[PDB]
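These notes concern the structure reproduced below.
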């Protein structure tokens, strides 16, 4: 098991009004 | 097992009002 | 198990009005 | 188990009006 | 178990009006 | 001319991630 | 000309991550 | 011309992470 | 011209992390 | 021209981490 750079943003991000999750194990994501 | 760069954004992202998940194991995603 | 750089932001981020989570184990994320 | 740099911000961040969590074990995140 | 640098800010941060948590065990985060 | 209650929400609204406009005169709405 | 109660919310509103405008004259709305 | 109560919130509002504008004359709204 | 109560909040407001403007003449609103 | 009570809060407000402006003439609002 070798996790690396799961979510990558190479350039600029304006705003985040939702959810940014690299690794979610089960659970509930509501957006 | 070798995970790398699962979600990639090479250029700029305006806004995120939803869900960005690199790796989701089971669970519920509602958008 | 080897976790590294799960959420990566290479350039500038304007604002965060949501949720940025590197690793979420179960649970509930509401955005 | 070896956690390192779970949430990474390479450049400047303007503001944080939400939640930035490196590692969340269960629980509830509301944004 | 070896936790290190869970939330990383390489450059300057303008303001924090939300929550920055390196490691949250259960509990509730409201933002 | 008698405008009244152009957009009505009788019960609870969960979230607004788009645009709610009562009266728009020309212009551009992007969602 | 008689404008009144252009946008009405009778019950509770959870969150507003977009734009709520009662009366917009021209212009650009981006959401 | 008689403007009154352009945006109305009868019950409680949880949070405002966007823009609430009663009357906007031209201009740009970005959310 | 008779402006009155352009933005109305009848009940309690939890938090304001955006912009609440009663009357905006031109200009730019970014949220 | 008769401006009165442009932004109204009838009940208690928890916190203000954004911008509350009664009347803005041009200019830039960033939140």
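For neighbour counting, all protein chains shown are included, and Cβ atoms are generated from backbone atoms with ideal geometry for every residue, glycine included. The numbers here are math on the coordinates, done by the rules we state, and not lab data.
Provide the descending list of Cα extents for the protein assembly as shown along its principal axes, expressed in whole angstroms.
Rounded to whole Å, the extents work out to 68, 33, 27 Å.
Please work out the C-alpha center-to-center distance from chain C to chain I and express it in whole Å.
32 Å
With respect to the axis carrying B onto H, what is the closest chain B residue by Cβ position, and how many angstrom separate it from the axis?
It is B:17, 2, counting Cβ atoms only.
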